[PDB]
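Accompanying notes for the structure given below.
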Amino acid sequence: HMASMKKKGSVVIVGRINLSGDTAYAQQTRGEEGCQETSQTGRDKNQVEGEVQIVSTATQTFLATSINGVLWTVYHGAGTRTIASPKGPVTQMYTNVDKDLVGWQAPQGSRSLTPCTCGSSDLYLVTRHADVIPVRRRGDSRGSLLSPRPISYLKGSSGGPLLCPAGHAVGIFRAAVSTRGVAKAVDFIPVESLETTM
Ligand SMILES: COc1ccc2nc(C)c(O[C@@H]3C[C@H]4C(=O)N[C@]5(C(=O)NS(=O)(=O)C6(C)CC6)C[C@H]5/C=C\CCCCC[C@H](NC(=O)O[C@H](C)C(F)(F)F)C(=O)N4C3)nc2c1
Ligand SMILES: [Zn+2]
């Protein structure tokens, strides 16, 4: 019935991957109860910092990455949802189900990565656990893990960046290619596909 129809909450920033120093580490900035309230109101007054955010809905958690002033993530995590912000829910500025891609304006206080123009195939995937995983680029949207590991270790890191040696954004992690549960390769949205969408 129309009177009873519910509304999905906003995506909420709950933490970040700190890459500012010599050591990468995950930081939590909001716990589960506060995340639930913030998702319902869409009002998040917490200060945002950094390039890689940890984000959550009521049912999923994943990453989002700021590149060129846009906070990018995956459609299979965010759907068409707003993101919470100090002034309330912010509507997506980009949505492309065909690429598994969404984006919102980057939050005030975030730092954006620069799109890579290096043409390098020696990449680094940053996970929600702040693992920095060497990946050899194998195509426009594929890379192979130099050290394979169970898909468990990658779960929840969609939306995270692949970086070049110089720290530029090369792509957004989308899916894991697995054999008997072991991730040998990753599928990602290249930054040129983002720069086209822009
Ligand atoms: C609804 O509209 C949509 C539009 C386009 C779309 N497009 C894609 C490609 C898609 O793929 C789904 C979701 C991702 C995934 O799980 N993403 C990571 C992740 O961490 N998610 S997450 O953060 O936990 C989560 C779920 C909260 C958000 C990065 C994965 C980590 C571990 C793998 C776990 C087993 C899964 C192995 C899968 N492999 C795979 O399909 O491989 C093939 C061969 C491909 F061609 F894609 F490579 C895989 O990775 N999938 C399967 N759904 C959609 C949906
Ligand atoms: Zn580069």
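Here's how to read the names in the structure tokens: chain A, B, ... by the order shown, residue numbers from 1 in each chain, ligand numbers from 1 in the order shown.
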
(request) Collect all residues with atoms no farther than 10 Å from ligand 1, counting only C-alpha atoms and all ligand atoms, and output them as an MDAnalysis selection string. (result) chainID A and resid 54:57 59:64 73:80 96:101 127:128 141:142 150:160 172:178 181:183 185:189

(request) Could you pull out the residues sitting within 8 Å of ligand 2, using only C-alpha atoms and all ligand atoms, and write them as a PyMOL selection string? (result) chain A and resi 115-120+163-170

Atoms kept (N, CA and C atoms) for selection, written as a CSV table (one decimal), in the first residue's frame:
```csv
chain,number,residue,atom,x,y,z
A,115,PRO,N,43.6,11.2,-12.2
A,115,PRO,CA,43.5,10.1,-13.2
A,115,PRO,C,44.9,9.9,-13.8
A,116,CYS,N,45.3,8.6,-13.8
A,116,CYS,CA,46.6,8.2,-14.4
A,116,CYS,C,46.7,8.4,-15.9
A,117,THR,N,47.8,9.0,-16.3
A,117,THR,CA,48.1,9.0,-17.7
A,117,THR,C,49.4,8.4,-18.0
A,118,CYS,N,49.9,7.5,-17.1
A,118,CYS,CA,51.2,6.9,-17.2
A,118,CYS,C,51.3,5.8,-18.2
A,119,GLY,N,50.2,5.1,-18.4
A,119,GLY,CA,50.2,3.9,-19.3
A,119,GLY,C,51.0,2.8,-18.8
A,120,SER,N,51.1,2.7,-17.4
A,120,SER,CA,51.9,1.7,-16.8
A,120,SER,C,51.0,0.5,-16.5
A,163,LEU,N,45.8,1.7,-8.3
A,163,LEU,CA,46.8,2.8,-8.4
A,163,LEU,C,48.0,2.4,-9.2
A,164,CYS,N,48.6,3.4,-9.9
A,164,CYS,CA,49.8,3.2,-10.6
A,164,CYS,C,51.0,3.4,-9.6
A,165,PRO,N,52.2,3.2,-10.1
A,165,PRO,CA,53.3,3.4,-9.2
A,165,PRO,C,53.4,4.7,-8.6
A,166,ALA,N,53.0,5.8,-9.3
A,166,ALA,CA,53.0,7.2,-8.9
A,166,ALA,C,51.8,7.6,-8.0
A,167,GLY,N,50.9,6.7,-7.7
A,167,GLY,CA,49.8,7.0,-6.9
A,167,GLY,C,48.6,7.6,-7.6
A,168,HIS,N,48.5,7.5,-8.9
A,168,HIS,CA,47.4,8.0,-9.7
A,168,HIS,C,46.3,6.9,-9.7
A,169,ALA,N,45.1,7.3,-9.9
A,169,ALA,CA,44.0,6.3,-10.1
A,169,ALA,C,44.0,5.7,-11.5
A,170,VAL,N,44.1,4.4,-11.6
A,170,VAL,CA,44.0,3.7,-12.9
A,170,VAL,C,42.6,3.1,-13.0
```

(message) Could you check the closest approach to residue 162 of chain A for each of A:179, A:18, A:114, A:28 and tell me which residue wins, using only C-alpha atoms?
(response)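 Residue with the minimum atom-to-atom distance to residue 162 of chain A: A:114.
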
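Distances to residue 125 of chain A were evaluated for A:113, A:145, A:102, A:71 using only C-alpha atoms, and the minimum falls at A:145.
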
(message) Please extract the residues of segment 43-198 of chain A with a backbone DSSP assignment of strand (DSSP E) and present them as JSON, numbers by chain.
(response) {"A": [52, 53, 54, 55, 56, 61, 62, 63, 64, 65, 66, 67, 70, 71, 72, 73, 74, 94, 95, 96, 101, 102, 103, 104, 105, 122, 123, 124, 125, 126, 132, 133, 134, 135, 136, 137, 142, 143, 144, 145, 146, 147, 148, 149, 150, 161, 162, 163, 169, 170, 171, 172, 173, 174, 175, 176, 177, 178, 179, 182, 183, 184, 185, 186, 187, 188, 189, 190]}
